[PDB]
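Engineer: Take a look at this one; I'll ask things after.
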Amino acid sequence: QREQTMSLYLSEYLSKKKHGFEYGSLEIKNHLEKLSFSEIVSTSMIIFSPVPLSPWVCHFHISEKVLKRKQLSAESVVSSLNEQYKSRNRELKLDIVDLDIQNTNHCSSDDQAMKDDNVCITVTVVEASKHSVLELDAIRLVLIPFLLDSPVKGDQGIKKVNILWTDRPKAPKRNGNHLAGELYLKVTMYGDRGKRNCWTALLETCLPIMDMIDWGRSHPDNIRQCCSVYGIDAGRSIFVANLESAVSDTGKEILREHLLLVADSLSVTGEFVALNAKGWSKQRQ
Amino acid sequence: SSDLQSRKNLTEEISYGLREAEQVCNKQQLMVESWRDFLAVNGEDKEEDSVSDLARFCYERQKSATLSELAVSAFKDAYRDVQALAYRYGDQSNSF
Amino acid sequence: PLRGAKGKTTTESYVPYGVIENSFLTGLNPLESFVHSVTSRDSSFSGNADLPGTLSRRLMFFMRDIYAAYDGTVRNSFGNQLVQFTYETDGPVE
Amino acid sequence: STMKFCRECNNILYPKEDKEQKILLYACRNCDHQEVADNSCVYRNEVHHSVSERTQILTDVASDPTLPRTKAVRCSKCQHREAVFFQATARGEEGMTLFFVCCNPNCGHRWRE
Amino acid sequence: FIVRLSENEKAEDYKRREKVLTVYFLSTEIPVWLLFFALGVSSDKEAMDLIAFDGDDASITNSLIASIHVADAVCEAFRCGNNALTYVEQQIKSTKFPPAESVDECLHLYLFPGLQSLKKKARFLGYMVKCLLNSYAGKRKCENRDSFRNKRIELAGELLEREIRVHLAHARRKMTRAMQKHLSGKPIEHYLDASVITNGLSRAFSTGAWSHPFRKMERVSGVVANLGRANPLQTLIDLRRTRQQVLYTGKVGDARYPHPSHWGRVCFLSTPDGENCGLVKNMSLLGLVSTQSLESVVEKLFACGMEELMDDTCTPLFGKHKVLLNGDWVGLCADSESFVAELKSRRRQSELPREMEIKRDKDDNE
Amino acid sequence: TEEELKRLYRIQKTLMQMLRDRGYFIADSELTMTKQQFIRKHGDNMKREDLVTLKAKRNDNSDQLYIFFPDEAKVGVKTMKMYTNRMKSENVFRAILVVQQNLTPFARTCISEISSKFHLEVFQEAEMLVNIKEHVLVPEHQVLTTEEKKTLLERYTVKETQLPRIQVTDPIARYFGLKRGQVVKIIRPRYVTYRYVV
Amino acid sequence: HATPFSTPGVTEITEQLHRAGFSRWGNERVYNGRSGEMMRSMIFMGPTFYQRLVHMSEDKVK
Amino acid sequence: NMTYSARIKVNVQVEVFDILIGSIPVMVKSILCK
DNA sequence: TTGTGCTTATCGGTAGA
RNA sequence: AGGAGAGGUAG
DNA sequence: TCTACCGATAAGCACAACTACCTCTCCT
Ligand SMILES: [Zn+2]
Ligand SMILES: [Zn+2]
Ligand SMILES: [Zn+2]
């Protein structure tokens, strides 16, 4: 599966503060949401300005209102761009050595003055005493799409995070069952690369906010790969819960022992085999 | 209905209930991130624009799926009360 | 919107949403009848009929061999594999 | 992304940079004509997200997310628990403050934190 | 004639893979700009004026510039002289099954036969590219297969026509084989076999397998059906039906649902339930199928006020709406409203064929 | 740097919790060590060397497990050979290796070739951030000894193969350090069940 | 006339049936044929148009 | 139980230096029908 | 036509001798 | 006697 | 410094796309 739906629950110490759950959930959503650089910038243009510097400097103008709404600053986005340029640096397979980004409130651009409260971001390409990057097509086709795809917030793995409300969660709390209705977050992550597990990347992204997310009840929504994270028993329990939910949605009434027998039959060899012929053959083997 | 006057009253009540349900759906359609500046407790001069644009709400609803789900949920919630009128306008001898 | 698009960029797809004020006793408007036919055309299709049968057959092929033993355990017919040590029923007759 | 035709032969011009001239120039390959450039602009594109054309209506891309709803808070005018909460700035205040909107169809009341 | 907009994969490196405009004519894959300059165009500005995009979009301009660069790189000095004609002739001759005609004659009959002039077809190509760019930018809606506006139905004038054509071709093949076998080593009646076509028609009517409209093999089914004699209503509704052929029965698309184009043409409230749910549509009571008109409408259009298409490509159109007759650019009109009003007035006086559709849209300006 | 310090603190806390759950006589001071106390005892730089320690079983002092932290990621055959030579010199039969990146296939083959003589367990640093055992979905796991396994097999009169199976790659099996041929006891919130490691 | 899109109103039908001497709602008082007692609720009666299908009983006997 | 069709006659001329081709089924009440 | 499993076939890949 | 193409009934 | 198997991607190549029944019409 490419969606790889996750489920994160809030910790119990946030209830002491007034409206602590809502503030914590909003902070987690703001921190762990992918925001592309193209969504913030409005007008991107290349201006001919004339380690030595190369010509064809790029201009990115961003309105201050957009930054105010997103609670960001020009210095923060410049730092994020530099960090992401130095993080991978796998693309841009050309004569590139360093990339320095400068911030200016007002730029010497007389082409248009429609917006007076727009901050300009200047990106300058550096060449190692060569004119291999002197053409405009190469930069326009490689560097411009690279910066627009760079996320200024969140992580490249997380697709979208939505805040939901539930009354019968899959992972019940030990004590304090009197609380009728809690608040949790659902996280969807990209599955472009299967080399690394989505949960592994999610744990590394939440390092600054490890205390906020209650890891005692957080669990992936998937069934197949949840056994590799929390064991076969947790996957069986989540499968039973999902089967009960499906039966309830169907409108019919089914006794518990049937569903328990189904769960124990489909997970007898330590893994949830499929209903196809290959799964049965593997189970018999 | 017992007579023609009761039928006319029921027709008017149904029309008003449908209008109220449509208004409720239009109000519920505003629960998005685009109208966070308008939903806040402040001074906005575009109050009349959200009301006068009656023919655009249906077009915006038919294009989005989440908006359609919210609209149908609100319509069911507001139409339960409309369906509740059968016990008021229906006699005890009604076979249905 | 019924005439292709409303011209507000040109759209290509729509999610129909209509409210019919009239009832069956009064008489359906031809456009209302068209809307009702469009809405109800889904129930007349022959699709999705094979899914319950295929699912039932594939589940039967897995759960046919399961039977209860004289010792009280739940065992599979292939090799007497132990599925459950004790039946998880909540009573009342064993 | 800009283009212009030289007045000599009416053909497209490609931008180029000369180290000695230190100025932007345009010359076409059809005729040996070089003209001075204006505004020193070789590319100007408004950033838009209209990449998946004729595909955003069928598949829900979720361009505008829905606001979250909570049931812990209780409304004042009516005794309804469901409400919409979000963060937005005030008229003149700084920072983000929490807001609440009642979900009761008959109430229509909004209050701050 | 196919104009395709896609990323360039021929003689393109990793850095340059932007979208370019290509032409698929006689399986030659000719760049669009070479074809533009081959059809009596000697200026880039004139070619841009022919493609009257009338909009400000960066993607369209980038695609046009990329196409120009691809055309320049493919053929050197193509603008000067007639190198584009030589290049397209070489591309045509490079096909597995090239036409017997030369380049000077292939462009007159195999390329837009409706337009006689070699420069008017260039304007038609420019209009086609303009429509493609408008559709790509989102200003123009794409055609849908569910609507009846873009669909036609054939009952007997075209279904039997292709069967007759293929049976006659087979009979001609057999006759020429017999003639070659008999010439080397007889009345004309013995040379032509009179049973082949009759047997083929009998087989087609009995088995019900009809020839595919676009494929020699893979005969279609469900074309010929039996009548019902249980009651006259059954045999009346069996005669008045419309069938649409789909690749698979499990999924079709949006054809199974009613469309606003069904208003007054086919019955949207009645349709068979089952596998062919919505594919078979019963025709309405006031439903008629138009037939080909033997009279010539072109001669009567100039009398109403239509102005002929300009031959020169340098002269642009200011506000003259385009007039298309059966997909052919026949001329231009100054005012569309008065023109269509006069056409309708002439039609209502029995001066024009009674089965003729007159469409006027201000969005497309045609 | 401080992020790496707190990451290593979490890893050490989870490792100590796992060792205490496995019964290796972990002191309460190490279990109840706070982040501030850990940083104060850490010093200026850890260099992934102060985490190396040796622990012995509570019941028997002869059995001991040594925890090894490599200095750099992407270890090779030479590092594994040095580690196994150190194990042979110190006379230890079990070891836990916590690495930052996935092991070299040659290193994996070397580990699998010498698995008969000594048992080696590998753990990623990302997997030890959250304690698997301390979860509401995971039930109580109890490892049965040889005598209890024999009693279980004799009571139901069943073979080892005719039992529900659990793979070695499962996180619980690696958390409890279970080898092939051992049964476990599971209590669900009561009916119990047993799983056979295969 | 019973034109599908030109159906007469319900009030017109009720008035037409009332002018014929019957109840305006289409229901008439009936008496049980087995005992002769009068039923408490009126029964709706009307000459509808029915059809006979080609599916018979003996055609399905196997 | 025979085919209701009509014969086709067209002149064919051969040069060096009305024949029957086939029968098309005839629809009832067509341009050629009794 | 698709919808997933399933077995060849090619691009690079880093590690150890 | 045996196979392929259509239409139809029940859940 | 020259070879081993080893990760992800293209391209064929397969099975599978509901039960229970009834007619007619065409071959072979
Ligand atoms: Zn600037
Ligand atoms: Zn020039
Ligand atoms: Zn309220």
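Numbering starts fresh at 1 for the residues of each chain in the structure tokens, the chains themselves are lettered A, B, ... in the order given, and ligands are numbered from 1 as they appear.
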Can you tell me which residues come within 12 Å of ligand 3 when counting only C-alpha atoms (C1' of nucleotides) and all ligand atoms, ideally as a PDB file with N, CA, C and O atoms, in the first residue's frame?
Structural biologist:
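result-v8.pdb, freshly written:
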```
ATOM      1  N   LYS D  71     -15.795  18.019  20.443  1.00  0.00           N
ATOM      2  CA  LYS D  71     -16.990  17.857  21.258  1.00  0.00           C
ATOM      3  C   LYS D  71     -16.741  18.083  22.742  1.00  0.00           C
ATOM      4  O   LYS D  71     -17.683  17.969  23.536  1.00  0.00           O
ATOM      5  N   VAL D  73     -15.703  21.006  24.171  1.00  0.00           N
ATOM      6  CA  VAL D  73     -16.197  22.326  24.542  1.00  0.00           C
ATOM      7  C   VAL D  73     -17.723  22.332  24.517  1.00  0.00           C
ATOM      8  O   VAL D  73     -18.368  21.522  23.845  1.00  0.00           O
ATOM      9  N   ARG D  74     -18.308  23.253  25.280  1.00  0.00           N
ATOM     10  CA  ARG D  74     -19.754  23.383  25.382  1.00  0.00           C
ATOM     11  C   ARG D  74     -20.150  24.809  25.033  1.00  0.00           C
ATOM     12  O   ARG D  74     -19.560  25.764  25.550  1.00  0.00           O
ATOM     13  N   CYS D  75     -21.142  24.949  24.160  1.00  0.00           N
ATOM     14  CA  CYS D  75     -21.582  26.266  23.727  1.00  0.00           C
ATOM     15  C   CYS D  75     -22.313  26.988  24.857  1.00  0.00           C
ATOM     16  O   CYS D  75     -22.793  26.379  25.817  1.00  0.00           O
ATOM     17  N   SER D  76     -22.395  28.313  24.728  1.00  0.00           N
ATOM     18  CA  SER D  76     -22.998  29.147  25.762  1.00  0.00           C
ATOM     19  C   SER D  76     -24.493  29.356  25.537  1.00  0.00           C
ATOM     20  O   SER D  76     -25.300  29.099  26.436  1.00  0.00           O
ATOM     21  N   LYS D  77     -24.876  29.826  24.347  1.00  0.00           N
ATOM     22  CA  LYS D  77     -26.285  30.094  24.078  1.00  0.00           C
ATOM     23  C   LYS D  77     -27.105  28.809  24.058  1.00  0.00           C
ATOM     24  O   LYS D  77     -28.256  28.796  24.509  1.00  0.00           O
ATOM     25  N   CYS D  78     -26.533  27.724  23.544  1.00  0.00           N
ATOM     26  CA  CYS D  78     -27.206  26.436  23.487  1.00  0.00           C
ATOM     27  C   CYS D  78     -26.321  25.375  24.124  1.00  0.00           C
ATOM     28  O   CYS D  78     -25.105  25.544  24.249  1.00  0.00           O
ATOM     29  N   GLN D  79     -26.947  24.276  24.532  1.00  0.00           N
ATOM     30  CA  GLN D  79     -26.233  23.175  25.175  1.00  0.00           C
ATOM     31  C   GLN D  79     -25.864  22.120  24.131  1.00  0.00           C
ATOM     32  O   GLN D  79     -26.353  20.990  24.131  1.00  0.00           O
ATOM     33  N   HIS D  80     -24.974  22.521  23.226  1.00  0.00           N
ATOM     34  CA  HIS D  80     -24.470  21.652  22.173  1.00  0.00           C
ATOM     35  C   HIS D  80     -22.961  21.516  22.324  1.00  0.00           C
ATOM     36  O   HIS D  80     -22.265  22.511  22.546  1.00  0.00           O
ATOM     37  N   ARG D  81     -22.463  20.285  22.206  1.00  0.00           N
ATOM     38  CA  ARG D  81     -21.050  20.015  22.435  1.00  0.00           C
ATOM     39  C   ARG D  81     -20.199  20.148  21.180  1.00  0.00           C
ATOM     40  O   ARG D  81     -19.009  20.469  21.282  1.00  0.00           O
ATOM     41  N   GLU D  82     -20.771  19.913  20.001  1.00  0.00           N
ATOM     42  CA  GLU D  82     -19.997  19.943  18.768  1.00  0.00           C
ATOM     43  C   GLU D  82     -19.702  21.382  18.362  1.00  0.00           C
ATOM     44  O   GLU D  82     -20.603  22.227  18.332  1.00  0.00           O
ATOM     45  N   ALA D  83     -18.438  21.659  18.049  1.00  0.00           N
ATOM     46  CA  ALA D  83     -18.016  22.995  17.658  1.00  0.00           C
ATOM     47  C   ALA D  83     -16.792  22.893  16.758  1.00  0.00           C
ATOM     48  O   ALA D  83     -16.060  21.901  16.783  1.00  0.00           O
ATOM     49  N   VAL D  84     -16.581  23.937  15.961  1.00  0.00           N
ATOM     50  CA  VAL D  84     -15.441  24.027  15.053  1.00  0.00           C
ATOM     51  C   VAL D  84     -14.410  24.966  15.660  1.00  0.00           C
ATOM     52  O   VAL D  84     -14.733  26.103  16.024  1.00  0.00           O
ATOM     53  N   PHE D 100     -13.677  29.498  18.177  1.00  0.00           N
ATOM     54  CA  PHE D 100     -14.677  28.442  18.227  1.00  0.00           C
ATOM     55  C   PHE D 100     -15.939  28.896  17.511  1.00  0.00           C
ATOM     56  O   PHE D 100     -16.365  30.044  17.656  1.00  0.00           O
ATOM     57  N   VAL D 101     -16.528  27.987  16.737  1.00  0.00           N
ATOM     58  CA  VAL D 101     -17.782  28.230  16.034  1.00  0.00           C
ATOM     59  C   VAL D 101     -18.735  27.089  16.362  1.00  0.00           C
ATOM     60  O   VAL D 101     -18.377  25.916  16.213  1.00  0.00           O
ATOM     61  N   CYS D 102     -19.940  27.432  16.809  1.00  0.00           N
ATOM     62  CA  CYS D 102     -20.917  26.415  17.172  1.00  0.00           C
ATOM     63  C   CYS D 102     -21.417  25.682  15.934  1.00  0.00           C
ATOM     64  O   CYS D 102     -21.650  26.287  14.883  1.00  0.00           O
ATOM     65  N   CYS D 103     -21.580  24.368  16.064  1.00  0.00           N
ATOM     66  CA  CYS D 103     -22.056  23.531  14.971  1.00  0.00           C
ATOM     67  C   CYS D 103     -23.567  23.342  14.976  1.00  0.00           C
ATOM     68  O   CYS D 103     -24.092  22.655  14.094  1.00  0.00           O
ATOM     69  N   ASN D 104     -24.273  23.925  15.935  1.00  0.00           N
ATOM     70  CA  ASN D 104     -25.723  23.788  15.970  1.00  0.00           C
ATOM     71  C   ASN D 104     -26.336  24.592  14.830  1.00  0.00           C
ATOM     72  O   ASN D 104     -26.065  25.792  14.709  1.00  0.00           O
ATOM     73  N   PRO D 105     -27.149  23.973  13.970  1.00  0.00           N
ATOM     74  CA  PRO D 105     -27.735  24.722  12.846  1.00  0.00           C
ATOM     75  C   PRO D 105     -28.646  25.858  13.277  1.00  0.00           C
ATOM     76  O   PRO D 105     -28.878  26.778  12.482  1.00  0.00           O
ATOM     77  N   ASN D 106     -29.167  25.830  14.502  1.00  0.00           N
ATOM     78  CA  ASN D 106     -30.093  26.847  14.978  1.00  0.00           C
ATOM     79  C   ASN D 106     -29.451  27.854  15.922  1.00  0.00           C
ATOM     80  O   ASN D 106     -30.144  28.758  16.403  1.00  0.00           O
ATOM     81  N   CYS D 107     -28.153  27.733  16.203  1.00  0.00           N
ATOM     82  CA  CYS D 107     -27.485  28.612  17.158  1.00  0.00           C
ATOM     83  C   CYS D 107     -26.709  29.732  16.474  1.00  0.00           C
ATOM     84  O   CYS D 107     -26.979  30.913  16.712  1.00  0.00           O
ATOM     85  N   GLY D 108     -25.749  29.381  15.620  1.00  0.00           N
ATOM     86  CA  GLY D 108     -24.962  30.370  14.906  1.00  0.00           C
ATOM     87  C   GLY D 108     -24.172  31.308  15.796  1.00  0.00           C
ATOM     88  O   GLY D 108     -24.147  32.519  15.557  1.00  0.00           O
ATOM     89  N   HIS D 109     -23.521  30.768  16.825  1.00  0.00           N
ATOM     90  CA  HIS D 109     -22.757  31.560  17.777  1.00  0.00           C
ATOM     91  C   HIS D 109     -21.279  31.206  17.686  1.00  0.00           C
ATOM     92  O   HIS D 109     -20.917  30.030  17.582  1.00  0.00           O
ATOM     93  N   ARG D 110     -20.432  32.231  17.724  1.00  0.00           N
ATOM     94  CA  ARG D 110     -18.986  32.065  17.680  1.00  0.00           C
ATOM     95  C   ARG D 110     -18.354  32.823  18.838  1.00  0.00           C
ATOM     96  O   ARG D 110     -18.796  33.922  19.186  1.00  0.00           O
ATOM     97  N   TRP D 111     -17.321  32.231  19.434  1.00  0.00           N
ATOM     98  CA  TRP D 111     -16.652  32.837  20.574  1.00  0.00           C
ATOM     99  C   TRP D 111     -15.167  32.513  20.517  1.00  0.00           C
ATOM    100  O   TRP D 111     -14.743  31.555  19.866  1.00  0.00           O
TER     101      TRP D 111
END
```
Engineer: List all protein, DNA and RNA residues that have at least one atom no more than 10 Å from any atom of ligand 1, counting only C-alpha atoms (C1' of nucleotides) and all ligand atoms, and write them as a PyMOL selection string.
Structural biologist: chain A and resi 43-47+57-62+103-112+118-122
Engineer: With N, CA, C and O atoms kept, could you save the residues just selected as a CSV table (one decimal), in the first residue's frame?
Structural biologist:
```
chain,number,residue,atom,x,y,z
A,43,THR,N,5.4,35.0,-7.6
A,43,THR,CA,6.1,35.4,-8.9
A,43,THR,C,7.5,35.0,-8.8
A,43,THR,O,8.3,35.5,-8.0
A,44,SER,N,7.9,34.1,-9.7
A,44,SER,CA,9.3,33.7,-9.9
A,44,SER,C,9.8,34.1,-11.2
A,44,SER,O,9.3,33.8,-12.3
A,45,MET,N,11.0,34.9,-11.2
A,45,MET,CA,11.5,35.4,-12.4
A,45,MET,C,13.1,35.4,-12.3
A,45,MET,O,13.6,35.3,-11.2
A,46,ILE,N,13.7,35.4,-13.5
A,46,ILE,CA,15.1,35.3,-13.6
A,46,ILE,C,15.6,36.7,-14.2
A,46,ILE,O,15.1,37.0,-15.3
A,47,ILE,N,16.5,37.3,-13.6
A,47,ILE,CA,17.0,38.7,-14.0
A,47,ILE,C,18.5,38.6,-14.2
A,47,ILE,O,19.2,38.1,-13.4
A,57,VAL,N,20.7,35.5,-12.3
A,57,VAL,CA,20.3,35.4,-10.9
A,57,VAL,C,18.7,35.2,-10.9
A,57,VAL,O,18.0,35.8,-11.7
A,58,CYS,N,18.3,34.4,-10.0
A,58,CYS,CA,16.8,34.1,-9.9
A,58,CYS,C,16.2,35.0,-8.8
A,58,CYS,O,16.8,35.2,-7.7
A,59,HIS,N,15.0,35.4,-9.0
A,59,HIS,CA,14.2,36.3,-8.1
A,59,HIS,C,13.0,35.6,-7.7
A,59,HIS,O,12.2,35.1,-8.6
A,60,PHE,N,12.7,35.5,-6.4
A,60,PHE,CA,11.5,34.9,-5.9
A,60,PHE,C,10.8,36.0,-4.9
A,60,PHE,O,11.4,36.3,-3.9
A,61,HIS,N,9.7,36.5,-5.3
A,61,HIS,CA,9.0,37.5,-4.6
A,61,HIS,C,7.8,36.9,-3.8
A,61,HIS,O,7.0,36.2,-4.4
A,62,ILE,N,7.7,37.1,-2.5
A,62,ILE,CA,6.7,36.5,-1.6
A,62,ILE,C,6.0,37.6,-0.9
A,62,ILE,O,6.7,38.5,-0.3
A,103,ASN,N,18.5,37.4,1.3
A,103,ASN,CA,17.2,38.0,1.6
A,103,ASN,C,17.3,39.5,1.5
A,103,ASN,O,18.2,40.1,2.1
A,104,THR,N,16.3,40.1,0.7
A,104,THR,CA,16.3,41.6,0.6
A,104,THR,C,14.8,42.0,0.7
A,104,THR,O,13.9,41.4,0.1
A,105,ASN,N,14.6,43.1,1.5
A,105,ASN,CA,13.2,43.6,1.6
A,105,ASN,C,12.8,44.3,0.3
A,105,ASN,O,11.6,44.0,-0.1
A,106,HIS,N,13.6,45.1,-0.2
A,106,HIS,CA,13.3,45.8,-1.5
A,106,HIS,C,14.4,45.6,-2.5
A,106,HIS,O,15.6,45.8,-2.2
A,107,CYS,N,14.0,45.1,-3.7
A,107,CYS,CA,15.0,44.8,-4.7
A,107,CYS,C,14.9,45.8,-5.8
A,107,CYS,O,13.8,46.5,-6.0
A,108,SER,N,16.0,46.0,-6.6
A,108,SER,CA,16.1,47.0,-7.7
A,108,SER,C,15.5,46.4,-8.9
A,108,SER,O,16.1,46.0,-9.9
A,109,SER,N,14.1,46.2,-8.9
A,109,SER,CA,13.4,45.6,-10.0
A,109,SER,C,12.3,46.7,-10.4
A,109,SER,O,11.4,46.9,-9.7
A,110,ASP,N,12.5,47.3,-11.6
A,110,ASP,CA,11.6,48.3,-12.1
A,110,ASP,C,10.6,47.7,-13.1
A,110,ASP,O,9.9,48.5,-13.8
A,111,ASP,N,10.6,46.4,-13.3
A,111,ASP,CA,9.7,45.8,-14.3
A,111,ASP,C,8.2,46.0,-13.8
A,111,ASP,O,7.4,46.3,-14.6
A,112,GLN,N,8.0,45.7,-12.5
A,112,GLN,CA,6.6,45.9,-12.0
A,112,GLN,C,6.7,46.3,-10.5
A,112,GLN,O,7.6,45.9,-9.8
A,118,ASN,N,5.8,43.0,-0.6
A,118,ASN,CA,6.3,41.7,-1.0
A,118,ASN,C,7.8,41.6,-0.8
A,118,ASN,O,8.5,42.5,-1.3
A,119,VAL,N,8.3,40.6,-0.1
A,119,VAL,CA,9.7,40.4,0.2
A,119,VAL,C,10.3,39.6,-0.9
A,119,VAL,O,9.7,38.6,-1.4
A,120,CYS,N,11.5,40.0,-1.4
A,120,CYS,CA,12.1,39.3,-2.5
A,120,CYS,C,13.2,38.4,-2.0
A,120,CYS,O,14.0,38.7,-1.1
A,121,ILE,N,13.3,37.1,-2.5
A,121,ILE,CA,14.3,36.1,-2.2
A,121,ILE,C,15.2,36.0,-3.4
A,121,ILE,O,14.7,35.7,-4.5
A,122,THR,N,16.5,36.2,-3.1
A,122,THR,CA,17.5,36.1,-4.2
A,122,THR,C,18.3,34.9,-4.1
A,122,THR,O,18.9,34.6,-3.0
```
Engineer: Kindly provide, as a VMD selection string, all nucleotide and amino acid residues lying within 8 Å of ligand 2, counting only C-alpha atoms (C1' of nucleotides) and all ligand atoms.
Structural biologist: chain D and resid 5 to 13 27 to 33
Engineer: I need the chain G residues near chain E as a list in words; criterion: at most 12 Å, counting only C-alpha atoms.
Structural biologist: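 The complete set of qualifying residues is residues 52, 53 and 54 of chain G.
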Engineer: Write a file of the just-selected residues containing N, CA, C and O atoms, as a JSON list (two decimals), in the first residue's frame.
Structural biologist:
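Result file is part.json:
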```json
[["chain", "number", "residue", "atom", "x", "y", "z"],
["G", 52, "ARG", "N", -50.98, -10.39, -18.33],
["G", 52, "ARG", "CA", -50.60, -11.78, -18.06],
["G", 52, "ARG", "C", -49.27, -12.05, -18.74],
["G", 52, "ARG", "O", -49.13, -11.84, -19.95],
["G", 53, "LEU", "N", -48.30, -12.53, -17.96],
["G", 53, "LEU", "CA", -46.97, -12.79, -18.49],
["G", 53, "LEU", "C", -46.90, -14.19, -19.11],
["G", 53, "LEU", "O", -47.77, -15.04, -18.89],
["G", 54, "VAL", "N", -45.84, -14.41, -19.89],
["G", 54, "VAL", "CA", -45.68, -15.69, -20.59],
["G", 54, "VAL", "C", -45.15, -16.79, -19.69],
["G", 54, "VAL", "O", -45.15, -17.96, -20.10]]
```
Engineer: Could you tell me how far atom CA of residue 135 of chain A sits from atom CA of residue 152 of chain A, in Å to one decimal place?
Structural biologist: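 Atom CA of residue 152 of chain A sits 27.8 Å away from atom CA of residue 135 of chain A.
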Engineer: Select from segment 7-93 of chain C everything DSSP, run on the backbone, classes as strand (DSSP E), then give the selection as a PyMOL selection string.
Structural biologist: chain C and resi 66-68+74-76+82-84
Engineer: Put those residues in a file: N, CA and C atoms, as a short mmCIF file (atom, residue, chain, number, x, y, z; two decimals), in the first residue's frame.
Structural biologist:
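To be explicit, this is the file written out as again.cif:
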```cif
data_model
loop_
_atom_site.label_atom_id
_atom_site.label_comp_id
_atom_site.auth_asym_id
_atom_site.auth_seq_id
_atom_site.Cartn_x
_atom_site.Cartn_y
_atom_site.Cartn_z
N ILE C 66 -11.77 -26.27 9.52
CA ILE C 66 -11.80 -25.99 10.95
C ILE C 66 -12.92 -26.80 11.60
N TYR C 67 -12.59 -27.52 12.66
CA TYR C 67 -13.57 -28.30 13.41
C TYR C 67 -13.14 -28.37 14.86
N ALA C 68 -14.11 -28.69 15.73
CA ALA C 68 -13.85 -28.81 17.15
C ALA C 68 -13.50 -30.25 17.51
N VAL C 74 -9.74 -26.38 19.30
CA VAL C 74 -10.15 -26.12 17.92
C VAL C 74 -8.97 -26.47 17.03
N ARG C 75 -9.16 -27.44 16.14
CA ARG C 75 -8.08 -27.97 15.31
C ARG C 75 -8.49 -27.94 13.85
N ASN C 76 -7.49 -27.77 12.99
CA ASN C 76 -7.68 -27.83 11.55
C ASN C 76 -7.57 -29.27 11.07
N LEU C 82 -3.32 -26.88 15.62
CA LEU C 82 -4.05 -26.22 16.69
C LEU C 82 -4.33 -24.77 16.30
N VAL C 83 -5.60 -24.46 16.06
CA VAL C 83 -6.01 -23.08 15.79
C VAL C 83 -6.27 -22.32 17.08
N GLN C 84 -7.08 -22.88 17.97
CA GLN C 84 -7.37 -22.28 19.26
C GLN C 84 -7.29 -23.35 20.34
#
```
Engineer: Between atom CA of residue 13 of chain A and atom CA of residue 214 of chain A, what is the distance in Å, rounded to a tenth?
Structural biologist: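 Taking atom CA of residue 13 of chain A and atom CA of residue 214 of chain A, their separation equals 9.8 Å.
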Engineer: Do me a favour and pick out the residues of chain K within 12 Å of chain A, using only C-alpha atoms (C1' of nucleotides), as an mmCIF file with C-alpha atoms (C1' of nucleotides), in the first residue's frame.
Structural biologist:
```cif
data_model
loop_
_atom_site.group_PDB
_atom_site.id
_atom_site.type_symbol
_atom_site.label_atom_id
_atom_site.label_comp_id
_atom_site.auth_asym_id
_atom_site.auth_seq_id
_atom_site.Cartn_x
_atom_site.Cartn_y
_atom_site.Cartn_z
ATOM 1 C "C1'" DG K 7 18.337 -3.100 -4.736
ATOM 2 C "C1'" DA K 8 14.627 -0.934 -7.167
ATOM 3 C "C1'" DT K 9 12.370 -0.404 -12.299
ATOM 4 C "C1'" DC K 15 -5.745 -16.049 -13.972
ATOM 5 C "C1'" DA K 16 -9.576 -13.651 -12.919
#
```
Engineer: So that I can check the secondary structure, give me every residue of chain B assigned helix (DSSP H, G or I) by backbone DSSP, as a PyMOL selection string.
Structural biologist: chain B and resi 4-28+33-39+47-52+55-63+65-83+86-89
Engineer: Using Å and a single decimal, report how far atom CA of residue 70 of chain B sits from atom CA of residue 61 of chain D.
Structural biologist: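 Value for the atom CA of residue 61 of chain D-atom CA of residue 70 of chain B distance: 16.1 Å.
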Engineer: Write out as a list in words every residue belonging to chain C that has an atom at most 9 Å from any atom of chain E, counting only C-alpha atoms.
Structural biologist: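 In the required form, that comes to residues 2, 3, 4, 5, 7, 9, 10, 11, 12, 33, 34, 37, 38, 39, 41, 42, 44, 45, 46 and 47 of chain C.
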